[PDB]
Amino acid sequence: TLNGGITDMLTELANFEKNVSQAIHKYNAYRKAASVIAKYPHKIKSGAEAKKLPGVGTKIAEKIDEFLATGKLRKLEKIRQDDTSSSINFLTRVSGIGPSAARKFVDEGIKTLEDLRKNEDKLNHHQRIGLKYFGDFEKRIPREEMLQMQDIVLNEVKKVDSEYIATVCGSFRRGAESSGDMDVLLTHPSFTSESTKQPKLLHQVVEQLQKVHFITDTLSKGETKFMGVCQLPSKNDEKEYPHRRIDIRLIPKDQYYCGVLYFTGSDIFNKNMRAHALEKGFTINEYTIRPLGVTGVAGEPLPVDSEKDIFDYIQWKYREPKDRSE
DNA sequence: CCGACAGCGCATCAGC
DNA sequence: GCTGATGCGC
DNA sequence: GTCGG
Ligand SMILES: O=c1ccn([C@H]2C[C@H](O)[C@@H](COP(=O)(O)NP(=O)(O)OP(=O)(O)O)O2)c(=O)[nH]1
Ligand SMILES: [Cl-]
Ligand SMILES: [Cl-]
Ligand SMILES: [Cl-]
Ligand SMILES: [Cl-]
Ligand SMILES: [Mg+2]
Ligand SMILES: [Mg+2]
Ligand code: NA
Ligand code: NA
């Protein structure tokens with residue numbers, strides 16, 4: 001955290017462009033800049049020094065100079081003092097409420113947590129659950145609790161069918177000491193790119209996890225992706241653990257590596273890797289890596305037997321999960 | 001200067 | 001009912 | 001907002 005003040009600023013700017021300005025490219029520009037500076041091993045002394053890094057342009061260089069000199073950014077000072085912007089940024093912190101819905105509610109006068117609770121009828125299912133656990137979803141999950149959750153999920157899945165393989169990905173797989181949520185990759189031999197020999201593969205797992213009262217709510221659910229809420233069991237006389245967000249993704253077993261690569265992230269790392277892939281003549285998604293024909297159209301899936309194989313195709317030295325936190 | 005900026009699942013809606 | 005566009009999230 | 005060509 002040598003340049004914590006600077007990356008925080010960029011992150012706030014990014015959030016402003018996404019939530020308030022609805023300028024997604026600026027949002028990603030600020031995030032990339034924050035990401036490149038976050039791994040820079042020196043305490044930045046000036047915007048010029050920063051401009052040397054890829055992703056940091058003139059505009060950001062000037063802001064970094066203003067920040068280093070005064071310790072703040074006038075542009076952000078004003079944004080903070082602006083009711084509308086402040087309200088919109090806040091409402092987007094509720095899962096299910098995005099920039100559009102946030103601005104829509106703010107236009108209706110609904111701009112505080114209190115307002116949301118009294119107008120619960122104006123929220124869809126997801127937003128309603130996000131509001132319900134607003135506080136809990138803000139807390140981090142210690143890795144020790146993640147290990148507990150992992151044991152529960154792997155053991156409950158095993159009980160449904162010994163052939164299932166549940167892998168915890170996301171920040172957890174990257175070795176994080178704390179995670180925002182739990183991300184679970186799921187595979188079963190009956191579900192491949194060639195066929196789905198068994199229906200409800202994801203449903204059954206969800207069902208079992210709900211039966212043992214691990215999963216408490218559902219935000220969204222389909223044939224291959226479950227988005228919900230879970231909670232560790234507490235002991236007698238013991239205070240209850242906070243409710244946690246849990247994501248489960250069922251991927252074709254023969255496409256596990258592209259899947260675990262995707263789900264392990266980070267998101268910025270995935271963006272960088274997928275962008276680099278293109279420059280090399282390939283396109284990567286969570287299922288496959290395909291070559292790009294002279295017309296730009298994606299060819300057929302290339303053989304893959306490990307995460308490393310994907311890195312080789314794009315001429316990138318393999319990077320352990322723990323080093324993909326960009 | 002200009003176009004590119006990663007890729008996709010689920011929920012909701014408009015138009016038919 | 002369907003398809004396609006859009007919002008939101010991973 | 002930044003970048004390559
Ligand atoms: O925009 C996105 C979001 C997520 N992802 C992938 C990578 C990410 O690591 C994974 C899980 O998403 P989360 O939002 O759960 N993030 P992560 O687990 O990395 O961190 P956190 O501790 O915040 O959950 O999904 C993308 O590829 N693109
Ligand atoms: Cl933009
Ligand atoms: Cl500031
Ligand atoms: Cl694969
Ligand atoms: Cl594909
Ligand atoms: Mg996660
Ligand atoms: Mg997640
Ligand atoms: Na730069
Ligand atoms: Na939100």
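Heavy-atom basis, side chains included; hydrogens, waters and symmetry copies ignored. A note on names: the letters A, B, ... follow the listed sequences, proteins ahead of strands, and every chain is numbered from 1.
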**Message:** So A/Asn28, base contact, sugar-phosphate only, or nothing? Heavy-atom distance under 4.0 Å.
**Reply:** nothing
**Prompt:** Could you give the CZ-to-P distance, from A/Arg274 to C/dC10, as a whole number of Å?
**Reply:** 15 Å
**Request:** Scan A/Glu17 against the nucleic acid and name what it touches under 4.0 Å (heavy atoms): base, sugar-phosphate only, or nothing.
**Result:** nothing
**Prompt:** Taking the side chain of A/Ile60 as heavy atoms from C-beta outward, which of C/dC10, B/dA6, D/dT2 is closest to it?
**Reply:** D/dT2
**Nucleotide nearest A/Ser220 (side chain, heavy atoms from C-beta), chosen from C/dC10, B/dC10, B/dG9** = B/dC10
**Proximal nucleotide (of C/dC10, B/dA11, D/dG1) relative to the A/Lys26 side chain** = D/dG1
**Prompt:** Phosphate oxygens OP1/OP2 of B/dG9: is one of them under 4.0 Å from a side-chain N or O of A/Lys225?
**Reply:** no
**Cationic N near anionic O, under 4.0 Å, A/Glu326 to A/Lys271** = no
**Fill in**
Which of C/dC8, B/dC8, B/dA11 is nearest the side chain of A/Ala101? It is C/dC8
**Item:** Residues A/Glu66 and A/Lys63 bridged, charged N to O under 4.0 Å
**Value:** no
**Message:** Regarding A/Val184, tell me which of base, sugar-phosphate or nothing describes its non-hydrogen contacts under 4.0 Å with the strands shown.
**Reply:** nothing
**Request:** Applying side chain to side chain donor-acceptor pair (under 3.5 Å), run through A/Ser86 and A/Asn89 and close with a yes or a no.
**Result:** CA-CA 5 Å; A/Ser86 290; A/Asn89 261 321; over 6 Å; no
**Request:** Would you mind checking if A/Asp237 and A/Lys235 are paired as a salt bridge, meaning a charged N to carboxylate O distance below 4.0 Å?
**Result:** no
**Prompt:** Reckon A/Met273 touches a base, only the sugar-phosphate, or nothing at all at heavy-atom distances under 4.0 Å?
**Reply:** nothing
**Prompt:** If you measure from the ring centre of A/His126 to the centre of the six-membered ring in the base of C/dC8, is it under 5.5 Å, with the planes under 30° apart?
**Reply:** no
**Message:** Please give the distance between the P atoms of B/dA6 and D/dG4 as a whole number of Å.
**Reply:** 15 Å
**Asked** Just to confirm, is there a sub-4.0 Å distance from OP1 or OP2 of B/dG7 to any side-chain nitrogen or oxygen of A/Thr283?
**Response** yes
**Message:** Students often get this wrong, so: under 4.0 angstrom with heavy atoms, is A/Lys32 touching a base, only sugar-phosphate, or nothing?
**Reply:** nothing
**Prompt:** If only side-chain N and O atoms of A/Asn285 are considered, is one of them under 4.0 Å from the OP1 or OP2 phosphate oxygen of B/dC8?
**Reply:** yes
**Asked** How about A/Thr11 and A/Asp8: does a side-chain donor come under 3.5 Å of a side-chain acceptor?
**Response** no
**Prompt:** Are OP1 or OP2 of B/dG9 and a side-chain N or O of A/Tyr287 less than 4.0 angstrom apart?
**Reply:** yes
**Prompt:** Which nucleotide in the list D/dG1, C/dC10, C/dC8 gets nearest to the side chain of A/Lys63?
**Reply:** D/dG1
**Prompt:** Under 4.0 Å between a side-chain N/O of A/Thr224 and OP1 or OP2 of B/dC10, yes or no?
**Reply:** yes
**Fill in**
Paired to B/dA6 by Watson-Crick or G-U wobble criteria (both distances under 3.5 Å) is none
**Complete:** Taken to the nearest whole Å, CD/A/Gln127 to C1'/B/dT12 is 11 Å
**Prompt:** Just checking A/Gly265: base, sugar-phosphate only, or nothing, at a heavy-atom cut-off of under 4.0 Å?
**Reply:** nothing
**Item:** Residue A/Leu278, side-chain heavy atoms: nucleotide from C/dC8, B/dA6, D/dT2 that is nearest
**Value:** B/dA6
**Prompt:** Which nucleotide in the list C/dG9, B/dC5, B/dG7 gets nearest to the side chain of A/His25?
**Reply:** B/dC5
**Item:** Salt-bridge present (A/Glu286, A/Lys225; N to O < 4.0 Å)
**Value:** no
**Fill in**
Among the nucleotides C/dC10, B/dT12, D/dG1, whichever has the atom closest to the side chain of A/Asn124 is B/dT12
**Request:** Report yes or no: is there a donor-acceptor pair, N or O only, under 3.5 Å between the side chain of A/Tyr262 and the base of C/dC10?
**Result:** yes
